[PDB]
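Remarks on the structure that follows.
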Amino acid sequence: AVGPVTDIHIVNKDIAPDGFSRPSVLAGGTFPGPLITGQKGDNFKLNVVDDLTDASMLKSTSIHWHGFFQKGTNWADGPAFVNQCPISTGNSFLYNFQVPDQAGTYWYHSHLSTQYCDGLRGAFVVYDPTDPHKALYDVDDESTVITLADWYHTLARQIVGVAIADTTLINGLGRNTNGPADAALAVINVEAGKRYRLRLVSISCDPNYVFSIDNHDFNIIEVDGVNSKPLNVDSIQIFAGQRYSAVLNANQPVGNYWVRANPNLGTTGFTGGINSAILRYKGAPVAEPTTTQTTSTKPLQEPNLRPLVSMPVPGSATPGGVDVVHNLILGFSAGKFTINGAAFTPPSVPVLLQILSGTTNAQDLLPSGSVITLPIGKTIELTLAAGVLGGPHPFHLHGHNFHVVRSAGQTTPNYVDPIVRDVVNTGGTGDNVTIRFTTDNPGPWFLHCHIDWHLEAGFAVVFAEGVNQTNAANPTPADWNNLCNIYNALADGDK
Ligand SMILES: *[C@@H]1O[C@H](CO)[C@@H](O[C@@H]2O[C@H](CO)[C@@H](O)[C@H](O)[C@H]2NC(C)=O)[C@H](O)[C@H]1NC(C)=O
Ligand SMILES: *[C@@H]1O[C@H](CO)[C@@H](O)[C@H](O)[C@H]1NC(C)=O
Ligand SMILES: [Cu+2]
Ligand SMILES: [Cu+2]
Ligand SMILES: [Cu+2]
């Protein structure tokens, strides 16, 4: 692991995580990138050094630290042309932020176009020295982090039509249905009688995964950074960018057990050991499991998740019982995804810079139709009624957690004790996923589908939260101040 203070080099490397070699964009020269760690209350100083030379995956870059509120450091959030201009090749940029009030399981990824699909993604764990759940497990370290990733044989910018993941990678390793069958599988090591905090991280660009481990079950204790009441489950559907801590008791006979991550698209199932990794008990033979996937009798359902500590729902217990309601219309037309009829396209001047430079009138913010101002200090309700093609769409809000007052597949809202998280499945026809939060964080924040192909195709809006408090809230460093000057000076071939 690295952090809280570290350089992170962004490099090109040809890799073959399923036996198929291709160019990639990697943090620290590995897929996934290095695990970043720190403690609650740390000042993260993450010096991102852009060493990229391959124009086919972009030489520029920008990194988002997924799930962190970035209060007072909106400039460090990552989204290109919302919060910064990209870092240019041969340059560095220091992401300098604090995490005073968060601890849990997070991740990081490129937030420039579809570049994270080309490899720039990794896990990020913030430990809590007084974690209320600490006595529920024995082992919690780099070896208990499990990343689930989609992998494409075609470069992101060379995809024609609808992207379909070729291979599921667990901790960077996996077999392709038409690939070498001797391609290495990831191994998760346990010892009989010990309990493990499995930090399950979706670093997916698109598919959701149904995660299970043969003959084992879990207690979920954390959801997207938020401590939960322990919830006993035996399978976990995890959407793009979601995280869970799932405590596993190594209470089965010493042996090898299949770890399964079944995608919703591409090649499904487990023939030849695809979509699989290995849980190996100390003392077991070094071999593939022979175990059977038994029926999930207690699958995770989002409405069953409850915050560990009381987190009252903002507003009153009825639809629209808040200061500000936006019933967002999620659609698709003219070859692009739309929110309230508008497809997001990045502006030349980052939204934050527009505001800081003096553009504080809602009507003047660019891109026109894709920026919604929110007043500061107010309760907000968003609905995200589903049905639009390409689903199920997992929506993500930057700068915030939110209460999921109505989940996909849930008819009646819960205004008492719904889970709080940062990525939510919006479901399908008939669903009307509803989320609430309070505007306590001045700055422009993305709301978008975390299927990265859909973001690129316009499925996003920017919430310009507390526009007239944004300058005061977010003093910017000299290196941020110069990013657009450097980037705009680049030749087209060096972007
Ligand atoms: C999703 O739920 C919201 C309520 O939370 C619905 O919004 C209501 O829509 C009706 C019909 O247009 C309006 O008369 C109400 O004023 C709206 N209520 C609020 C509180 O804003 C919305 O229609 C639902 N969407 C779908 C597709 O069913
Ligand atoms: C910010 O304040 C200015 C000056 O009062 C006003 O014209 C503008 O509408 C405000 N912007 C927002 C987004 O509230
Ligand atoms: Cu993310
Ligand atoms: Cu995010
Ligand atoms: Cu989507």
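Every number for a ligand or one of its atoms is a count from 1 in the order of the listing. Just so you know, residue 1 is the first one in the sequence shown, and it goes up from there. Side chains included, hydrogens not; waters and symmetry mates left out as well; all remaining heavy atoms used.
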*Strictly under 6.0 Å, is that where the ring centroids of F337 and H393 end up?*
yes

*Please name the residue in the list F81, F463, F344 that meets the ring-ring contact (aromatic ring centres under 6.0 Å, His included) test with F446.*
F344

*asked:* Closer than 4.0 Å to some heavy atom of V467 - which atoms of ligand 2 meet that?
replied: 13 (C)

*Side chains of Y196 and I188: closer than 4.5 Å at any heavy-atom pair?*
no

_Under 2.8 Å from the Cu ion (ligand 3), can any N, O or S atom of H111 be found?_
no

*Taking the Cu ion (ligand 3) as the vertex, what is the angle from NE2 of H450 to NE2 of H109, given to 10 degrees?*
110°

*Has ligand 2 got any nitrogen or oxygen that is less than 3.5 angstrom from a nitrogen or oxygen of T360?*
yes

*asked:* I'd like to know if the side chain of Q469 reaches the main chain of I376, judged simply by a donor and an acceptor atom lying under 3.5 Å from each other, with no hydrogens or angles considered.
replied: no

*Do we see a donor-acceptor contact under 3.5 Å between the side chains of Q354 and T359?*
no

_As a test of reading the structure, name the N/O/S atom of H64 that is nearest the Cu ion (ligand 4)._
NE2

*Protein heavy atom under 4.0 angstrom of atom 2 (O) of ligand 2, is there one?*
yes

_Would you say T147 and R121 are linked by a side-chain donor-acceptor pair, where the criterion is simply a distance under 3.5 Å?_
no

*asked:* Nearest non-hydrogen contact with atom 14 (O) of ligand 2 belongs to which option: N468, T359, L374?
replied: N468

*Write out the residue and atom name of the closest protein heavy atom to atom 6 (C) of ligand 2, then the distance separating them to 0.1 Å.*
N361 OD1, 4.0 Å

*Quick check: does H396 have an N/O/S atom under 2.8 Å of the Cu ion (ligand 3)?*
no

_As a test of understanding, state which of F68, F69, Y127 forms a ring-ring contact (aromatic ring centres under 6.0 Å, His included) with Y106._
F68

*Measure from the Cu ion (ligand 3) to every N/O/S atom of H66 and report the name of the nearest one.*
ND1

